[PDB]
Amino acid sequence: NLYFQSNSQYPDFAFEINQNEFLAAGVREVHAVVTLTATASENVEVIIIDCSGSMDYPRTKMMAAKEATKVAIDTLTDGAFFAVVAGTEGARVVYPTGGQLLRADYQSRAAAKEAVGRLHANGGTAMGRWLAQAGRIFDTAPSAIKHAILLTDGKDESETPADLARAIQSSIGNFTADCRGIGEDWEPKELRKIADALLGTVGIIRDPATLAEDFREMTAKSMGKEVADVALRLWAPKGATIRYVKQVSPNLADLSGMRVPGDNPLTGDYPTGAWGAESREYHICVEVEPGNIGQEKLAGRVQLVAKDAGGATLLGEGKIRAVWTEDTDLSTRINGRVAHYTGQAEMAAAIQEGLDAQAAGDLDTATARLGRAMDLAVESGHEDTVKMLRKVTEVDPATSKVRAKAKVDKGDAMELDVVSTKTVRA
């Protein structure tokens, strides 16, 4: 009963803890997978469109961006606030035009589409300035569910990486963002930096004709959100420390560096953003001072807490336990979910590292890393990732062993890098 509300209609959350709590004599590491499933106030959606000069080459990119933005505008819920930002070396708000958010209705939608129609390709790319302009818009709606769609076809060449980092840090906690890169001339690492910090994902659009449906689905999912700002609140006893907190499903995102200190050092908050009707899994590892054989400790207490307008609401809670035993039939048991997601994190890293080696012609390193990734993808039944790995590798006819290809299609490599963090469920 520790939290008071300011008023609500939040999703109902089912909270499960998945662990083998039994540890052998010396053991300090406790692992658990937390499954969170949400079942059934204002939305603000900012659509940020790259209008740099390269967007006309080929012209299908700019045309798709316009088509797709119009689909997004039509997919907004009646009453949702929205804006469109044209990104170049600067950022210009192209709708609305009076410096105040307007609700989506027949009139505002039509006016927004007309403004989108007048977008043209010219200039450079400074993504941080796009984020900073979105942030100014979002600051006008502090209690809203706030989400940005960012589309680019290029690298962030008109500002420094420290400039981008400064804009990312200023955006954290203000809005969430999903990013899309169209074509092959942008940098997965750049968009990943933005999307990971802002609790979203990156996607690649290899064919401009698919952008509209992609925008439709991103907007619809955003409109499904029902609660704006949810923290995963983790308590661990004195001397116990958090090794890591990672989202592992549907995507891998390490939250460890995002910890926000709570009221005391024993409690910290890890941001999860907005929730609709959805499910996520997290992998938590706590290092604890080992107890005696026979002794049980609480290694961690996990709460999910919605923060809203000067109040908070406890949405769910679970416990991460630690019991020391000499019964090896209990301690040697492998928690299937922990093992699975440990492998998914390893796989994602192996893909990225393998692709980076391959790009440089460091082929023996690529073969070892992409080989490990393949082994994990096969073992976990991640058939989509197996299929993408087959595009960047080949079976050496002599050894029958898998090797990294010397020459790969740039798009195939980029696509795999982008979806390296998409996991398969347990």
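Residue positions are given as counts along the sequence shown, with the first one as 1.
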query: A40 to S41: deposited residues without atomic coordinates; finding: 10 or more
query: Mean Cα B-factor comparison, 83-91 or 114-122, giving the higher one as deposited; finding: 114-122
query: Mean Cα B-factor comparison, 28-36 or 385-393, giving the higher one as deposited; finding: 28-36
query: Candidate residues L330, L199, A148, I204, the one whose C-alpha B factor the record puts highest; finding: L330
query: Which of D214, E296, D254, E353 ranks first by CA B-factor in the deposited coordinates; finding: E296
query: Third assignment of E226 from its chain's C-alpha B-factors; finding: middle
query: CA B-factor ranking of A398, expressed as a third of its chain; finding: highest
query: Assigned third (lowest, middle, highest) for the C-alpha B factor of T60; finding: highest
query: Where the record places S171 (Cα B-factor, split into thirds across the chain); finding: lowest
query: Record-listed C-alpha B factor of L266: chain third; finding: highest
